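J.: Experimental coordinates for this protein are included below, preceded by the sequence.
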Amino acid sequence: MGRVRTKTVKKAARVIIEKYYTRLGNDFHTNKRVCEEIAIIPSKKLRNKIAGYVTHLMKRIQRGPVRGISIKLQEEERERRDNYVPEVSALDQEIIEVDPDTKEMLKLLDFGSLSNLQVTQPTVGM
Amino acid sequence: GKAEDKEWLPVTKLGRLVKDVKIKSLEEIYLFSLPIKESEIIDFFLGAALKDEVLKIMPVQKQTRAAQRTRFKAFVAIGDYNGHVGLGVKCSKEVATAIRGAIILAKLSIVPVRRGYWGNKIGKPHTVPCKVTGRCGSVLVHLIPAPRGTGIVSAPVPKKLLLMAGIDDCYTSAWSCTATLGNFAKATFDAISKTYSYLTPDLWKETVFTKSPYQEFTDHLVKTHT
Amino acid sequence: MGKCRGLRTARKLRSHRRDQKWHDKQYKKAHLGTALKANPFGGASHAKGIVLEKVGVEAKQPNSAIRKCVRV
Amino acid sequence: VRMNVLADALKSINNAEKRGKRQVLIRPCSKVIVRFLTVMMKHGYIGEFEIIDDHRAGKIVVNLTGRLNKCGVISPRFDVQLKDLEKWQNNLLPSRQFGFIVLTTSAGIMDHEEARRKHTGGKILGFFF
Amino acid sequence: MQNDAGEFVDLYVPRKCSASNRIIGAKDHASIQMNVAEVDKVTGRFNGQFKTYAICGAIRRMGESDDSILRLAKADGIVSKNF
Amino acid sequence: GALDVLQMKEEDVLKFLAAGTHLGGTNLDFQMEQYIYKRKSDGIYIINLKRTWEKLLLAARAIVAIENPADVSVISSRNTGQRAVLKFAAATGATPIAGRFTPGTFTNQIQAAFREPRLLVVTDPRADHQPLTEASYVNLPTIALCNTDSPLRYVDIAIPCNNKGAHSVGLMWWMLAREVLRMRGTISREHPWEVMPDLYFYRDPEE
Ligand SMILES: [Mg+2]
Ligand SMILES: [Mg+2]
Ligand SMILES: [Mg+2]
Ligand SMILES: [Mg+2]
Ligand SMILES: [Mg+2]
Ligand SMILES: [Mg+2]
């Protein structure tokens, strides 16, 4: 048997999805026609294997993103999550409080407010 | 027939500043210790003075399952006769590829040499400015100043680089296995390259930093093309 | 890793060099005399002799011949 | 067990200039070392230096510039006779345009380019170039 | 580097490390040529001039370019002590 | 920088204390020893923040002195840095490299990614050793965010900070982007910048 697609079958199927993503549905016999229209595959046997990897990749891409294919419609949802996140309109705030040996680090840099104190358990970690 | 050559479209920020005449000569490519990576920059400011002298063609060979696959190692020196020199090495499957390819390295590795005087300054320095030493493998080579007119005193090999560097008079010594031409020539080239990086009471004046050509020509490189 | 360097060590240096020369083969046979005593010449360049007979000696391999010698 | 104090001082200064330091501590010290460092300073190979009292042999702190290249000691203080001085400054020095042989003479600790001037030889201490 | 007439006889004059004072030969592809901006001291804005620094290769690859640049900056109005 | 208009203001102190940039590791170097103030009574070092500020404005002055802004290549490989450097490329015209670095990007005239910068800002000198040891081939200055335990070798301006993976990495990159824009004169000092630091923080598991 074998059935380990060669790198010339796993590179067509990767370019095709990038260029034509909105045609390539999820069944095999329609993809076998779209692929025959868009590119020039000089054989029937090769055309079918390319169109058969396209379907695998399509089923996988209807989940999370795959690391060889950069499609337009799935960039923008990452671009969003980098532009901002649903969590906060405030900063994670300046109103935060700390403990000793830093009050004296500031006493030589001149701060005077919004802090706390607790002298830690009296020997190094255990 | 056909003419109007156009080749050497540069591939570096230095190739741009050099192809366009915006850089004068190597003495500012050296002043900033920049790496030359194209075999044409040297062919620009020189070429009208460079000579190529094949020193050896050495057949080495590795052992293979069925046979002994042999290649050739071609040592090529280069230099004008006014203060530049270089020495390159390349191995290849045929004797012509090696000689063609070693010249490109020996060009790409040209260094400046600093000639000084022996006893009194009567213009046009002639010998090394001090006692310099350089090693490769087991070979050590030592170059010593000599009075005007003595002519180089060395083995036949160093009296091919020392001549092509522009040093007329020089006394020399060598130690350990000088027979191996590789180490004997890299040792000489090293003892020559050391000449400009030996601090002397004359180079004690504080230095005045000019601006590098990557800064002075930032405009011409911004505009024009990436 | 140690060789006396001091200012009055000349006796040690000289008496030690005079000794170590005797390990140098080429010097040793010039001065023991047992070479000159054993030399089949007289310590000369040439010697006369009378031809006892003629022999051939086979050369050392790989190359091969019979080398045509007198015995004197 | 520390037979030669000038040898340590010059080796100590030298092992540290190569590393790139800016100050070096020398211990013990002597009139001889202090005179030698003065010769090395009138010519510009080191900066000014400071001597520490401690009621024993003292210590010296020396300020180094990068101009120094080597200094060293000739271990037996051989005699030199102003007619055998050239055979020394041609073996020890790197070129006839710089570098100095330092030697002790009846007229003090000086450098050969001055011993020739005052017409006297003596005992060789070291060199610096 | 002159002679008995004065006119210099030298291909060029190399520049020295500002932290070690050892000349920087022209095959040292680790020596760098840092170039640090001035400000106008009243508005806190860049204004033409700057100060240049050279740092050798050997002191750069022994982990000391850092403190060297720091002292060279403190030696001028770029930090003015009190660090 | 020595004057007043450049001195640390008490709201930046509270951003620093909130992100925890003053908190260091348990180890140390013999080279980062002048940036430490003391060691806490459990085994962790504390970074003097005025030295942080002085080193920050020194790096700002090193970036501002580059005429074409586009050759100040900004690298970061670890996750906690990527989002940050991308915003930096938006703030000032620099060029980001977030992800794997593909050895030989600076020293190969044949590669398709061959780029020749004039400066190099980089997080975490210990996880980005490759761009450093390749800057050591083309005379490329460096700027880096070190820690209590980060080896200084082929770096020049070491900005001490937590950078152990925190809000502190984003905060450092944002503050550095503020000060370059301020002293280049593209935004005005003591009018707070409209951008918010959280544009530079990382995606912990979202929601
Ligand atoms: Mg032999
Ligand atoms: Mg042989
Ligand atoms: Mg024996
Ligand atoms: Mg024998
Ligand atoms: Mg013998
Ligand atoms: Mg034989």
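T.: Done, it's in. Numbers count the residues shown, from 1 in each chain, chains lettered A, B, ... in the order given. Ligands and ions are numbered 1, 2, ... in the order given.

J.: Near the residue nearest to residue A:97 when sequence neighbours are not counted, how many residues? Count them for me, please.
T.: Leaving out its chain neighbours, the residue that sits closest to residue A:97 by CB to CB, 6 or more residues apart in numbering or on different chains is residue A:116, at 4.0 Å. From N, CA and C alone the C-beta is placed, and that goes for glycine too. Residue A:116 is flanked by 10 other residues according to other CB atoms under 10 Å in any protein chain shown.

J.: Please settle this for me: is residue A:116 part of a strand?
T.: No - assignment of residue A:116 by DSSP: H, G, I helix; E, B strand; the rest coil gives coil, placing it outside any strand.

J.: ok, it - contacts?
T.: Contacts for residue A:116 were tallied using CB atoms under 8 Å, 6 or more residues apart in numbering or on different chains; they are A:97-99.

J.: buried subset of the residues you listed?
T.: With burial judged by 16 or more other CB atoms under 10 Å in any protein chain shown, the buried subset of the contacts of residue A:116 is residue A:98.

J.: from the contacts of residue A:116, which is closest to residue D:54?
T.: Distance to residue D:54 across those (CB to CB) is lowest for residue A:99, with 46.0 Å.

J.: Pull the number of nearby residues for the residue of chain B found nearest chain A.
T.: Of all residues in chain B, residue B:226 sits closest to chain A, at 23.1 Å by CB to the nearest CB. By the criterion of other CB under 10 Å, residue B:226 has 8 neighbours.

J.: Would you mind listing what in chain D touches chain B?
T.: When proximity is defined by CB under 8 Å from any CB of the partner chain, chain D lies next to chain B at D:44, D:66-67, D:69, D:94-98.

J.: Show me which pair in the residues you listed is furthest apart.
T.: Of all pairs drawn from the residues of chain D next to chain B, the greatest distance, 23.2 Å, lies between D:66 and D:96 (CB to CB).

J.: Looking at these two, which is more packed in?
T.: Per other CB under 10 Å, whichever of residue D:66 and residue D:96 has more neighbours is residue D:66, with 18 against 15.

J.: quick check, the helix or strand hosting residue B:100 touching chain F?
T.: Per DSSP states H and E: residue B:100 is located in helix B:95-108. No - with CB under 8 Å from any CB as the criterion, chain F is not reached by helix B:95-108; the gap is at least 11.7 Å.

J.: The helix or strand following that helix pairs with which strands?
T.: Counting by DSSP H and E, the next helix or strand C-terminal to helix B:95-108 is strand B:111-112. Applying DSSP bridges to the sheet, strand B:111-112 is found paired with strand B:84-92 (antiparallel).

J.: Determine the angle, from 0 to 180 degrees, between the strand it pairs with and helix B:95-108.
T.: Using axes from the mean of the first three to the mean of the last three CA atoms, to 10 degrees, the inter-axis angle of strand B:84-92 relative to helix B:95-108 is 150 degrees.

J.: where along chain A do the helices fall?
T.: Along chain A, counting by DSSP state H, helices occupy A:9-19, A:28-38, A:44-61, A:72-83, A:103-107.

J.: Turn those helices into a markdown table, columns for mean neighbour count.
T.: Below are these laid out as a markdown table (neighbours: other CB atoms under 10 Å in any protein chain shown):
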| stretch | mean neighbour count |
| --- | --- |
| helix A:9-19 | 17 |
| helix A:28-38 | 15 |
| helix A:44-61 | 17 |
| helix A:72-83 | 11 |
| helix A:103-107 | 14 |
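
J.: can you pull the contacts of the residue nearest the centre of chain D?
T.: By CA atoms, centre = their mean, chain D has its centre lying nearest to residue D:36, at 4.5 Å. Residues in contact with residue D:36 (CB under 8 Å, 6+ apart) are D:6, D:9-10, D:102, D:109, D:125-126.

J.: what's the answer for residue F:202, then?
T.: With contact set as CB under 8 Å, 6+ apart, residue F:202 has these partners: F:79-80, F:82-84, F:165, F:169-170.

J.: Now do the same for it: helix, strand or coil?
T.: Under three-state DSSP, residue F:202 falls in the coil class.

J.: if I look at it, how far off is chain E?
T.: Shown here: residue F:202 relative to chain E, a distance of 28 Å by CB to the nearest CB, to the nearest Å.

J.: do residue B:200 as well
T.: Taking CB to the nearest CB as the measure, residue B:200 and chain E are separated by 8 Å.

J.: now residue A:110
T.: Distance check for residue A:110 against chain E: by CB to the nearest CB, it reads 13 Å.

J.: Could you check how many residues crowd around that residue?
T.: Residue A:110 has 9 neighbours, counted by other CB under 10 Å.

J.: can you give me the strands for chain C?
T.: C:53-55, C:69-71 (DSSP state E).

J.: now swap in chain F and tell me
T.: Along chain F, the segments classed as strands by DSSP E run F:36-39, F:45-47, F:74-76, F:96-98, F:121-123, F:143-146, F:157-160.

J.: Repeat that for chain D.
T.: Under DSSP E, chain D gives strands at D:23-26, D:49-52, D:59-63, D:71-73, D:79-80, D:100-105, D:108-111, D:122-128.

J.: would a markdown table of those strands with mean neighbour count and distance to residue F:16 be doable?
T.: Converted to a markdown table, the strands of chain D look like this (neighbours: other CB atoms under 10 Å in any protein chain shown; distance: least, CB to CB, whole Å):
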| stretch | mean neighbour count | distance to residue F:16 |
| --- | --- | --- |
| strand D:23-26 | 16 | 36 |
| strand D:49-52 | 14 | 42 |
| strand D:59-63 | 17 | 39 |
| strand D:71-73 | 18 | 50 |
| strand D:79-80 | 17 | 68 |
| strand D:100-105 | 21 | 57 |
| strand D:108-111 | 17 | 59 |
| strand D:122-128 | 20 | 52 |
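
J.: will you turn those strands into TSV that also has distance to residue B:162?
T.: What follows is these, written out as TSV (distance: least, CB to CB, whole Å):
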stretch	distance to residue B:162
strand D:23-26	39
strand D:49-52	42
strand D:59-63	39
strand D:71-73	29
strand D:79-80	34
strand D:100-105	29
strand D:108-111	33
strand D:122-128	28
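
J.: Could you pull up the residues touching the closest residue to chain C within chain A?
T.: Per CB to the nearest CB, residue A:124 is where chain A lies closest to chain C, at 49.2 Å. Residues in contact with residue A:124, defined by CB under 8 Å, 6+ apart, are F:41-43.

J.: same question, residue D:50
T.: Contact analysis of residue D:50 by CB under 8 Å, 6+ apart lists D:60-61.

J.: Kindly report the same for residue F:43.
T.: By CB under 8 Å, 6+ apart, the neighbours of residue F:43 are A:124-125, F:26.

J.: how many neighbours does residue B:217 have?
T.: The tally of other residues near residue B:217 (other CB under 10 Å) stands at 17.

J.: OK, contacts around residue A:86?
T.: Residues in contact with residue A:86 (CB under 8 Å, 6+ apart) are F:206-207.

J.: Tell me which residues touch residue 63, please.
T.: Let's take chain A. Per CB under 8 Å, 6+ apart, neighbours of residue A:63: none.

J.: ah, no, chain F please
T.: So residue F:63 contacts F:72, F:92, F:119, F:121, F:143, F:176, F:180 (CB under 8 Å, 6+ apart).

J.: Name the nearest residue to the third one, sequence neighbours excluded.
T.: By that I understand residue F:119. Leaving aside its chain neighbours, residue F:119 sits nearest to residue F:72 (4.7 Å; criterion: CB to CB, 6+ apart).

J.: ok so, going back, ok, which of the strands of chain F comes nearest chain A?
T.: Closest of the strands of chain F to chain A is strand F:36-39, at 5.1 Å (criterion: CB to the nearest CB).

J.: quick one: that closest one near chain E?
T.: No - Strand F:36-39 stays clear of chain E (CB under 8 Å from any CB), getting no nearer than 12.7 Å.

J.: buried residues in the helix holding residue B:100?
T.: Judged by neighbour count using 16+ other CB under 10 Å, the buried positions of helix B:95-108 are B:98-99, B:101-108.

J.: just stretch C:20-27 next, same as before
T.: For stretch C:20-27, it's none, nothing buried (16+ other CB under 10 Å).
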